Every structure is written in C-alpha cells, then in structure tokens.
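Chemist:
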Amino acid sequence: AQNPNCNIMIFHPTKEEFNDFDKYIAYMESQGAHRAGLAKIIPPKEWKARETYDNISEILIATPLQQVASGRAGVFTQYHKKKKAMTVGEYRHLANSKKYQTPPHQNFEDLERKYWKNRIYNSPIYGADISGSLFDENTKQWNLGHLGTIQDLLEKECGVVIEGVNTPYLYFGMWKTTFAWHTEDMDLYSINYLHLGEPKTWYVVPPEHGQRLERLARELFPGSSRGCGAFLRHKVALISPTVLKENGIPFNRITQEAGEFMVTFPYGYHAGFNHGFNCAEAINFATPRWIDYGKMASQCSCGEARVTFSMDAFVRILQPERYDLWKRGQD
Ligand SMILES: O=C(O)CNC(=O)C(=O)O
Ligand SMILES: O=[N+]([O-])c1cccnc1O
Ligand code: NI
Ligand SMILES: [Zn+2]
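The numbering of the sequence shown is UniProt numbering, which starts it at 11 and goes up by one.
(1) Roughly how many angstroms lie between the CA atoms of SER320 and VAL175, to the nearest whole one?
(2) From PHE295 to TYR101, what distance separates their C-alpha atoms?
(3) If we require 3 or more residues per run, which beta strand (DSSP E) segments fall completely within the region 180-231?
(4) Evaluate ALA227 with the Cβ neighbour count: other Cβ atoms within 10 Å of its Cβ, from every protein chain shown; 16 or more gives buried, anything less gives exposed.
(5) DSSP puts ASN257 in a beta bridge; with which residues?
(6) When burial is assigned at 16 or more other CB atoms within 10 Å of the CB, is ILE20 buried or exposed?
(7) For a test of your reading of the model: does the CB of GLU194 fall under 7 Å from any non-hydrogen atom of ligand 3? Yes or no.
(8) Tell me which same chain residues have a C-beta within less than 8 Å of the C-beta of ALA292, skipping the five on either side of it?
(9) Quick one: using the 10 Å Cβ neighbour count with 16 as the cut-off for buried, is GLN77 buried or exposed?
(10) Taking only three categories from DSSP, how would you classify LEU242?
(11) Tell me which same chain residues have a C-beta within less than 8 Å of the C-beta of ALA46, skipping the five on either side of it?
(12) Looking at the unbroken beta strand (DSSP E) that takes in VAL98, where does it start and where does it end?
(13) Need the endpoints of the beta strand (DSSP E) that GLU291 sits in, please.
(14) Within a Cβ cutoff of 6 Å, which residues of the same chain sit near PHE231, ignoring the five residues on either side of it in sequence?
(15) In chain order, what are the residue ranges of uninterrupted alpha helix (DSSP H) at least 4 long that sit wholly in the region 99-177?
(16) Between the region 234-247 and the region 154-166, can you find at least three pairs of beta-carbon atoms closer than 8 Å?
(17) What are the boundary residues of the alpha helix (DSSP H) that includes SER80?
(18) Which whole-angstrom value describes the C-beta separation of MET184 and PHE287, a residue pair presumed to lie in contact below a C-beta threshold of 8 Å?
(19) Any contact of the region 97-116 with the region 249-260, i.e. 3+ C-beta pairs under 8 Å?
(20) Between the beta-carbon of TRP57 and the beta-carbon of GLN151, is there less than 8 Å?
(21) Keeping to the same chain, check which residues put their C-beta closer than 7 Å to that of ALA190; ignore five residues upstream and five downstream.
(22) Could you tell me if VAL98 is buried or exposed, where buried requires 16 or more neighbouring beta carbons within 10 angstroms of its beta carbon?
(23) Does DSSP put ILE69 in a helix, a strand or coil?
(24) Output the distance between the C-alpha atoms of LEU335 and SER141, rounded to the nearest integer angstrom.
(25) Please enumerate, following chain order, all residues with a beta carbon closer than 7 Å to at least one heavy atom belonging to ligand 2.
(26) Is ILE66 near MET96, with beta carbons less than 8 Å apart?
(27) Does the distance between the C-beta of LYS210 and the nearest non-hydrogen atom of ligand 1 fall short of 7 Å?
(28) Please identify the residue among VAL170, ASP30, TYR303 whose C-alpha is closest to the C-alpha of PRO53.
(29) What span of residues does the alpha helix (DSSP H) with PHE31 cover, start to end?
(30) To which residues of the same chain is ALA138 closer than 7 Å at the C-beta, ignoring the five residues directly before and after it?
(31) Find the nearest neighbour of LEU242 within the set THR193, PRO251, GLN266, judged by alpha-carbon distance.
(32) Whose CA, out of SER143, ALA79, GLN161, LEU157, lies closest to the CA of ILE135?
(33) Going by DSSP, what residues sit across from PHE86 in a beta bridge?
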C-alpha cells in the first residue's frame, strides 16, 4: 500500500501533466496521497492564475464575520457575528491595522505557537464564502471556475440526472482567522488556491482515522454532541495540535503559501488559520471514488448546519432513507 503512514504529499506537476485535472487527481491517489486527507500541488513555473491582483479592491464583502471564541486556548468554539459590508480594499486596510495585524515572529513555527496561545483572546474578522472567482477566463489549466460539476459526475457514474450547480467561493482572511474542524458537505473533495497574501496553516486527520477525531470531539464538546449526532457539521469546534497529541489522535500539518493549491480528500477532517491578509478560492468536486463516501456521509438534521441548494439532490439520490429526516432539518 502506498503512503501507509498517511503523510501529506507535495506534488510538482509539469505543464504537460497540468492539462488533465481528473487524470492528475487519479495519479496523486495512485501514489497514496488521499491517505493523508490533504495534498499540496505546486503549479508548474509556466502557469499563472491571472495577470495581476492590482484591481481587486472594489470586490464587496457583503457580510464580514467576526469570529468570537469561547472555551480554553486549546479547546474552543467560535461563533460568527455579522458585521457591516466593506470592500476588499477596506478589509485589507483593517487587516493591516495595529489591532488586527500579524505580530512580529521568527518563523512559521513561532507564529503557530502564538496562534494557539492567544487566538481565543481576539476576534478577527473573516470574509467567507463569497461567490465568485479570480481566475482569468483564459487560464485553461486548474481553473477552479471551469471544473467538471459534481452533478455531471453523479450522472456519469450512476446514470441519474439531477438539478443543482456548483461554483467557487472566495475567502479574504486576516491574522488568526480560523476554519474549524470539518469534512466537506457530503464528504466531497475540496480544492483551495491561495491567490495572494500571507500563508494558511492546515491540520488534517487521515480519512481512515476520522472517527477517532469524532470520538474526541464528543468528549470535549459534550453539550454540542447531545444536541446533534453530527455537530462537527456546524463548523465551529477547534482542538489544538497539543490536545490532539495528548489524546493520541493521528494528524498532520502543513503551511500553504501564495501560488499553491491544496486538495482535501473525502472524509479528511481539516482545520487551520490564516497568517495575515490573504485571499483564497475554493470549490468542492467529486471523482468516481467519492460516490461511496457520499453514500456514507453523516448528516446534521438538528437544523444548525444549514446548507446549499445542491445538497438536496445528493442526499435524495445517495441517501434516500435519510432524506425525509434531513429535509425536515433544512426547514
Ligand atoms: O480557507 C478556509 O477558510 C477553509 N477552506 C476549506 O475548508 C477548504 O478549502 O476545504
Ligand atoms: O501526471 N501523471 O499522470 C503522471 C505523472 C508522473 C508519472 N505518471 C503519471 O501518470
Ligand atoms: Ni474545507
Ligand atoms: Zn446539527
């Protein structure tokens, strides 16, 4: 078996290898990349997402989210307080202000230490799931707005035609902005391109060990667990690498820099934080190997998760027994 220790693998495709997206995902899996839950892909030197980022300041962040923490430094939840709209130019200025800017630090490891020591005592503001794309329409390789759709994948694999669309989302971040422990809707893949700015640090649990993380989360967030059998779907729980190590949870970490792609694999739990002002673009996708994960994916039915239009069809076709109870939750 390839990659038996479930290490995060880093790939350097040539420009020729960068033409066929599906083929390269399959290649990465042939080398065991999916066992980690997360892979990094560094594009060939001849590639670019777009010409410049000099003209993005007028993009609107309609609902910036202030991420307010509760708990202890290594085990906390965050809730999202809605703030007034602001442009990306205004957001960048805010990110760089004395209140929100990245502190002096020696290296990525020093900054990681500072993040887990001090995150809960601040409430950074995140620009989240803004529908849109920053890939140039003429970028033909690994353009996240031009991928094959999940609906077409399901149709190709299972012969059923369904409603729904899937399109990319933009994320404008600042120091300490945080993504909570989660897998994707319907345990799909995700792909994330860091367009511009400071790094993003990722933590990931191998898919074969996801239930170990779930068990620890139930122990650490007992009220939340009683309220919902899939409460990590709420995407509000954080557990530090120190606490994961203390509890013997297998995981890995890596830092993504501007110009790099990350792929998360089905049922790969991930969490992380931004180092400073940045902009990322992400979208979910599927492959034939995803279908079995989609069939088995947990669901939130307590009503908290609240999810996209397109997920209806996924649950309806892949999980017909669960569908009625689940749809009761979306209402
Ligand atoms: O970048 C973020 O805030 C969160 N991203 C993801 O969880 C992802 O790309 O799958
Ligand atoms: O990108 N590939 O597909 C690939 C790269 C290297 C070796 N074999 C392959 O199939
Ligand atoms: Ni994700
Ligand atoms: Zn729930």
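All C-beta atoms in this analysis are idealised placements derived from N, C-alpha and C, irrespective of residue type, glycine included.
Modeler: Let me lay it out:
(1) 6 Å
(2) 29 Å
(3) 188-192, 199-207, 210-214
(4) buried
(5) According to DSSP, which records beta bridges pairwise, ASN257 is partnered with nothing at all.
(6) exposed
(7) yes
(8) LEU154, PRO178, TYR179, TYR181, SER200, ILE201, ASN202, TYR203
(9) buried
(10) helix
(11) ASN13, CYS16, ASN17, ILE18, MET19, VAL214, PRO216, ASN262, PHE275, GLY278
(12) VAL98 -> not in any beta strand (DSSP E); alpha helix (DSSP H) instead, spanning 98-105.
(13) 288-295
(14) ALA247
(15) 118-128, 160-168
(16) no
(17) Segment 75-82 is the beta strand (DSSP E) holding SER80; no alpha helix (DSSP H) there.
(18) 6 Å
(19) no
(20) yes
(21) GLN88, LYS245, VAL246, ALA247, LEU248, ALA281
(22) buried
(23) coil
(24) 29 Å
(25) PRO23, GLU27, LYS33, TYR34, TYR37
(26) no
(27) yes
(28) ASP30
(29) 31-40
(30) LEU75, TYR181
(31) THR193
(32) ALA79
(33) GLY81, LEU248
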